[PDB]
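Colleague: Below: one structure in structure tokens.
Just so you know, all these numbers are worked out from the coordinates, no wet-lab data involved. Neighbour counts are summed over all protein chains in view; Cβ atoms, including those assigned to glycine, are modelled from backbone coordinates with ideal geometry.
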Amino acid sequence: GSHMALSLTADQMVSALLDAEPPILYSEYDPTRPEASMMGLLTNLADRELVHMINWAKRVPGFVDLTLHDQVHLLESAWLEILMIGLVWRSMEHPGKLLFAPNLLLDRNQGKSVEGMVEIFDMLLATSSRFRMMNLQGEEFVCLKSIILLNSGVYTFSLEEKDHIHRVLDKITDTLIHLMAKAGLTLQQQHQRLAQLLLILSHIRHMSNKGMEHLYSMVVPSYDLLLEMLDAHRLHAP
Ligand SMILES: Cc1c(OCCNCCCF)ccc(F)c1[C@@H]1c2[nH]c3ccccc3c2C[C@@H](C)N1CC(F)(F)CO
């Protein structure tokens, strides 16, 4: 059968998002050589991550209810924020370092290698440390990542279709609140924590904007490339 997004319980939402999670990818460099472009390695990894991101987005409840056109718009707006939140998530347990891959752990000083890269590393590190200080949970993380996908390009857009995106966002909010209530936080505590997490999302937006400026100054997937990737997914084996 098929669940409609708006009928999911909190536990079914959590379960669907956990099940949709992409794998952790490794960097493609020979462990026999030192002698590699940092830019090259990060570009190669991001590219492989994007393929998995397409498969993931298709599994975010509500996403496939939208038109192909609207799906591509959302991904085009959100793809860097999504790569960034995943990065800061897995870097939480590594104070002062970014875990790009289990075989690609980088500090501040290594970031200085590429020009304009150091401001962005620092902002990512601050996000990772804020998430560690808040003890961000995996269940919360998957909800935040889905919120990024559905909200990033909603205002830069068929009005009844917008209510649907807004109703799916309300469902994800409900799911976050339910996780926090089960964790034993009080009402005010539930609200304060929700606020804190949503406010971090504006910082993630900021980082993505700065990231995009930096990428465009030199790689960036266009509406057309994302459309092509979303469409090609239909030809993948089950
Ligand atoms: C994302 C990106 C890039 O993306 C190119 C897009 N690929 C094209 C799509 C069609 F194939 C090209 C070089 C990079 F160094 C990075 C990196 C980068 N790589 C990652 C890999 C996994 C997880 C997170 C990241 C980040 C965040 C972050 C530090 N990124 C730096 C910046 F923010 F993009 C610079 O402004």
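Colleague: Is it true that some residue in region 185-196 is closer than 27 Å to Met92 by Cβ and under 16 Å from the mean Cα position of the chain (by Cα)?
Modeller: No - not one qualifying residue is present in region 185-196.
Colleague: Pick out, from region 157-238, the helices (runs of 4 or more DSSP H) lying fully within it that include 2 or more residues that are within 16 Å of the ligand (Cβ to nearest atom) and either basic (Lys, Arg) or in contact with a helix residue (DSSP H, G or I) (Cβ under 9 Å, 6 or more places away or on another chain) (or both).
Modeller: The helices (runs of 4 or more DSSP H) meeting that bar are 187-216, 223-232.
Colleague: With the structure loaded, tell me whether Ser91 is surrounded by 19 or more Cβ atoms within 10 Å (Cβ to Cβ), on the phi < 0 side of the Ramachandran plot and within 14 Å of the ligand (Cβ to nearest atom) or whether it fails that test.
Modeller: Spelling it out, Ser91 is indeed surrounded by 19 or more Cβ atoms within 10 Å (Cβ to Cβ), on the phi < 0 side of the Ramachandran plot and within 14 Å of the ligand (Cβ to nearest atom).
Colleague: Can you name the residue in region 1-24 that is more than 16 Å from the ligand (Cβ to nearest atom) and not in a helix (DSSP H, G or I) and is also nearest to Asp174 (Cα to Cα) among such residues?
Modeller: Across region 1-24, the extreme among qualifying residues is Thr9.
Colleague: Just the residues that are out of contact with any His (no Cβ under 8 Å at 6 or more places or on another chain), under 16 Å from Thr43 (Cα atoms) and among the hydrophobic types (A, V, I, L, M, F, W, C), please, taken from region 102-148.
Modeller: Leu104, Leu106, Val114, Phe121 - these are the residues of region 102-148 that are out of contact with any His (no Cβ under 8 Å at 6 or more places or on another chain), under 16 Å from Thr43 (Cα atoms) and among the hydrophobic types (A, V, I, L, M, F, W, C).
Colleague: Out of the residues in region 25-53 meeting the condition of being β-branched (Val, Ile, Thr) and closer than 20 Å to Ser208 by Cβ, tell me which one is farthest from the ligand (Cβ to nearest atom).
Modeller: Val51
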